[PDB]
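Inspection log for the structure reproduced underneath, given as structure tokens.
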Amino acid sequence: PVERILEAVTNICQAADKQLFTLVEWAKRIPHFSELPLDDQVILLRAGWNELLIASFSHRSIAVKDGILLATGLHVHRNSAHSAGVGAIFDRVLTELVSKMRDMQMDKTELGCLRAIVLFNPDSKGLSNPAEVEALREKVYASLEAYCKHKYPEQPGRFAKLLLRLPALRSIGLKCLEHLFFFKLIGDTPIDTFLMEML
Amino acid sequence: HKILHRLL
Amino acid sequence: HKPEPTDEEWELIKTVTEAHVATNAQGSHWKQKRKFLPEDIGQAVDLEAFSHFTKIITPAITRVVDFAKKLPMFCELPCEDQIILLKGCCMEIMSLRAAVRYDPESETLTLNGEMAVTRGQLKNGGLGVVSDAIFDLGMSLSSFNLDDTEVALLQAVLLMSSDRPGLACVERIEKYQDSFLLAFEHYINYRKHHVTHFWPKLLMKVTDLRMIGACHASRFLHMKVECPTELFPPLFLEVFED
Ligand SMILES: N[C@@H](Cc1cc(I)c(Oc2ccc(O)c(I)c2)c(I)c1)C(=O)O
């Protein structure tokens with residue numbers, strides 16, 4: 231039932273507080289997520305948001321050639337990236353993701369599930385009950401396989417290929433983490449209040 | 687581009 | 210319904226399988242031909268430990284390349300892409316190969332099918348955290364109990380990664396991967412694994428592997444920061460040097 235999922265300084269600070277809000281509310285609208293212990297929910301979010309965010313705009317940038325569309329509609333051309341020293345990482349997103357997403361015509365349904373899998377990452381350290389989380393993930397790509405079997409029966413390998421973008425998505429996630437800092441430098445437990453409130 | 691080539 | 214592999218696919222299956230088999234060290238008698246690395250070696264970047272891994276890593280690397288050459292499709296690629304594919308999936312496949320050789324009774328991995336090392340040993344050997352990533356994987360693959368074929372297919376798919384940087388015949392490589400994946404998916408249907416969600420679960424491993432090779436790449440940078448350049452074998456360098 232990925233239908234409930236599909237239905238789901266003063267300048268730069270305006271966003272993020274909105275993106276993060278939209279991400280949290282997106283996760284809350286995800287099956288069984290709001291049922292997990294408070295701590296287990298925040299740990300997941302904080303362990304995935306990187307890839308989740310990147311999975312979002314990567315699919316949104318399918319309608320753009322050699323560019324990325326972000327929250328503020330601020331289209332980003334690869335000319336700025338290479339000029340900012342992030343050309344390499346930028347290109348990966350276009351070829352490994354944006355490209356692959358376009359060439360397969362990945363729909364919002366598939367994107368949503370893929371992002372749902374990501375969230376339910378049972379490997380995340382510290383969470384109280386992993387068995388329960390990996391359960392949820394199973395149930396998640398359980399639906400995904402059936403969707404691909406009915407929605408696109410003329411292509412059996414679709415389901416499979418859908419997952420094989422997560423790897424790319426992962427390693428790219430990592431580069432972004434290494435690139436960006438600041439937030440992390442704010443010591444541990446810098447963000448938990450909000451996550452506790454949105455909860 | 688080196689030892690790889692000769693191994694090919 | 211579960212579509213079993215076709216005749217044109219079984220041909221590719223026996224091809225890849227044979228390709229893996231002839232290139233996996235110690236064949237099927239690895240358990241008896243393995244030697245436990247001295248518990249003293251690598252205590253809590265151990266020069267000694269490292270020197271032993273690197274002293275047996277070059278055959279592994281080559282054996283990987285041999286697996287590639289025993290694949291017609293791969294032989295159809297330009298030398299440019301041919302090199303790139305290897306450089307990328309190299310650490311991944313070796314990792315797979317090592318991880319599928321995990322022994323719960325001993326909690327050790329078998330490098331080159333002859334060298335048993337523990338989590339700690341392989342960690343202090345230069346890999347560091349990667350070691351965990353790998354052992355953990357091996358632990359996970361334990362319940363899968365993959366056979367040569369299913370392992371060969373993974374290696375096959377790992378090789379044909381159409382997202383490696385600098386590739387030319389991208390749509391060409393991607394087509395190959397799609398071929399393997401098709402047969403891969405059908406083969407397990409044939410195997411009729413009784414476990415729930417086997418195919419997906421397995422595919423996630425591809426994520427895990429791609430992340431290992433990556434952390435390994437960052438490890439290599441730190442390795443040449445601590446360890447000397449002379450302690451590195453030529454082939455090894457060429458493989459992970461830009
Ligand atoms: N056992 C594999 C071959 C294999 C050989 C070795 I040495 C391994 O450890 C590494 C690898 C890279 C490094 O930089 C360091 I330091 C240690 C692994 I993991 C695998 C096979 O059977 O193909």
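Chains as they are written, first to last, in the deposited numbering: chain B, 231 to 238, 265 to 455; chain A, 687 to 694; chain X, 210 to 253, 264 to 461.
The beta-carbon is built from N, C-alpha and C at its ideal position, and this holds for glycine as well.
Neighbour-count burial assignment, residue i, 16 or more Cβ in a 10 Å radius
| i | result |
| --- | --- |
| residue 176 (chain B) | Residue numbering for chain B in the displayed model covers 231 to 455; residue 176 (chain B) lies beyond these limits and cannot be assessed. |
| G236 (chain X) | exposed |
| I442 (chain B) | exposed |
| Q396 (chain X) | buried |
| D444 (chain B) | exposed |
| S314 (chain B) | buried |
| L330 (chain B) | exposed |
| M452 (chain B) | exposed |
| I324 (chain B) | buried |
| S427 (chain B) | buried |
| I268 (chain B) | exposed |
| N343 (chain X) | buried |
| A340 (chain B) | exposed |
| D296 (chain B) | buried |
| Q374 (chain X) | buried |
| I280 (chain X) | buried |
| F438 (chain B) | exposed |
CB of residue i within 8 Å of CB of residue j, strictly
| i | j | result |
| --- | --- | --- |
| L370 (chain B) | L422 (chain B) | yes |
| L315 (chain X) | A287 (chain X) | no |
| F245 (chain X) | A335 (chain X) | yes |
| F376 (chain B) | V396 (chain B) | yes |
| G385 (chain X) | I303 (chain X) | yes |
| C309 (chain X) | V425 (chain X) | no |
| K211 (chain X) | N364 (chain X) | no |
| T273 (chain X) | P452 (chain X) | yes |
| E218 (chain X) | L360 (chain X) | no |
| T368 (chain X) | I222 (chain X) | yes |
| residue 467 (chain X) | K242 (chain X) | Residue 467 (chain X) is absent from the model: chain X starts at 210 and stops at 461. |
| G339 (chain X) | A253 (chain X) | yes |
| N335 (chain B) | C432 (chain B) | no |
| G368 (chain B) | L236 (chain B) | yes |
| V283 (chain X) | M442 (chain X) | no |
| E311 (chain X) | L456 (chain X) | no |
| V374 (chain B) | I318 (chain B) | no |
| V265 (chain B) | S399 (chain B) | no |
DSSP state of residue i mapped onto helix, strand, coil
| i | result |
| --- | --- |
| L290 (chain X) | coil |
| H331 (chain B) | coil |
| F245 (chain X) | strand |
| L694 (chain A) | coil |
| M334 (chain X) | strand |
| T329 (chain X) | strand |
| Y395 (chain X) | helix |
| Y321 (chain X) | strand |
| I275 (chain X) | coil |
| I407 (chain X) | helix |
| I447 (chain B) | coil |
| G307 (chain X) | helix |
| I268 (chain B) | coil |
| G323 (chain B) | strand |
| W219 (chain X) | helix |
| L436 (chain B) | coil |
| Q361 (chain B) | coil |
| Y397 (chain B) | helix |
Residue i versus residue j: straight-line alpha-carbon distance, rounded
| i | j | result |
| --- | --- | --- |
| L378 (chain X) | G307 (chain X) | 8 Å |
| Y321 (chain X) | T327 (chain X) | 6 Å |
| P293 (chain B) | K381 (chain B) | 15 Å |
| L383 (chain B) | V298 (chain B) | 9 Å |
| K289 (chain X) | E390 (chain X) | 21 Å |
| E434 (chain B) | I345 (chain B) | 11 Å |
| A387 (chain B) | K420 (chain X) | 14 Å |
| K240 (chain X) | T449 (chain B) | 53 Å |
| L694 (chain A) | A402 (chain B) | 43 Å |
| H238 (chain X) | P297 (chain X) | 36 Å |
| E291 (chain B) | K411 (chain X) | 34 Å |
| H271 (chain X) | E248 (chain X) | 14 Å |
Nearest-angstrom beta carbon gap, residue j and residue i [assumed within contact, 8 Å]
| i | j | result |
| --- | --- | --- |
| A283 (chain B) | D382 (chain X) | Going by Cβ atoms, the distance from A283 (chain B) to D382 (chain X) rounds to 28 Å, so no, they are not a contact pair. |
| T328 (chain B) | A271 (chain B) | 6 Å |
| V376 (chain X) | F403 (chain X) | 7 Å |
| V349 (chain X) | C434 (chain X) | 5 Å |
| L418 (chain B) | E352 (chain B) | Their Cβ separation, rounded to whole angstroms, is 14 Å, which puts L418 (chain B) and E352 (chain B) out of contact at 8 Å. |
| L279 (chain B) | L308 (chain B) | 6 Å |
| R285 (chain B) | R302 (chain B) | That pair is no contact at about 18 Å. |
| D461 (chain X) | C388 (chain X) | Not confirmed; about 21 Å, so no contact. |
| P378 (chain B) | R358 (chain B) | Rounded, the Cβ-Cβ distance is 30 Å, inconsistent with contact. |
| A371 (chain X) | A228 (chain X) | 6 Å |
| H405 (chain X) | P214 (chain X) | 4 Å |
| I310 (chain B) | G413 (chain B) | The pair is not a contact, with the Cβ atoms about 24 Å apart (cut-off 8 Å). |
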